[PDB]
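The data below hold one chain only, encoded as structure tokens and taken in the form solved without the partner chain.
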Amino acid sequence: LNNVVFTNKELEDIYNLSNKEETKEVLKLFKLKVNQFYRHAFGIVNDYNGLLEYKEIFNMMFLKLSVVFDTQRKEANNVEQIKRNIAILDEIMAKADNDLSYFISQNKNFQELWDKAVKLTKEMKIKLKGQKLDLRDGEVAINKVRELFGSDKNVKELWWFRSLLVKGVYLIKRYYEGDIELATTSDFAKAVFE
């Protein structure tokens, strides 16, 4: 439910203020950075949504940007300041990347799991070659991984823990839909209800 990100309308309004003629070829560069910025920001939101701290990082990016827009809004023709603002946007993205790394490296096995996902993906190139796979769902996608690497230590742990979790939310759902007697539906349910 984004509201922290400026609409293309709002961005165009801000670009306008840079009406003078000298502040024109710099305004070209500024417009380019703001785009690289958006790309960089959303890249984070759909390449790192698995990282808890991704929302924080995304938001800081736009909070810091809004500040730069404040400057621009009341100095839209100050080319030397626009040049600096362009540098600040670069500084903002550089910190977002730093944050991204700090967290990924602070989460024990996050680096290892990343490499593994990279390694198995490369292998998927081979395995899927002309397999004409075509289905939408994290399910189908994840089932494929199981189907191809069921013997891998990491996808094994993921599939096992996953199966239990899913089983756990389905039964509690049943429980609250009036049921019980569930305490003897499986060893899992028995341990969950005892």
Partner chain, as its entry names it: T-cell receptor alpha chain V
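Numbering follows the first chain given and starts at 1.
> Decide which of the stretches 137-145 and 56-64 has the higher mean C-alpha B-factor, going by the entry.
The stretch with the larger mean CA B-factor is 137-145.
> Give the stretch, out of 86-94 and 70-78, with the larger mean C-alpha temperature factor in the deposited entry.
Going by the record's values, the stretch with the higher mean is 70-78.
> Would you mind finding, among 32, 128, 155, 164, the residue with the largest C-alpha temperature factor in the entry?
Each of 32, 128, 155, 164 was compared by C-alpha B-factor; the highest is 128.
FYI, the form solved in complex with the partner chain isn't displayed, but the following is about it.
> Applying a 4.5 Å heavy atom distance criterion, does residue 185 contact the partner chain in the entry with it bound?
Residue 185 belongs to the contact set for the partner chain.
> Using a 4.5 angstroms cut-off on non-hydrogen atoms, would residue 136 count as touching the partner chain in the entry with it bound?
Yes - in the entry with it bound, heavy atoms of residue 136 and the partner chain come within 4.5 Å of each other.
> So in the entry with it bound, does any heavy atom of residue 25 sit within 4.5 Å of the partner chain?
Looking in the entry with it bound, residue contacts with the partner chain do not include residue 25, since no heavy atom lies within 4.5 Å.
> Using 4.5 Å between non-hydrogen atoms, is residue 179 touching the partner chain in the entry with it bound?
The answer is yes: residue 179 has a heavy atom within 4.5 Å of the partner chain.
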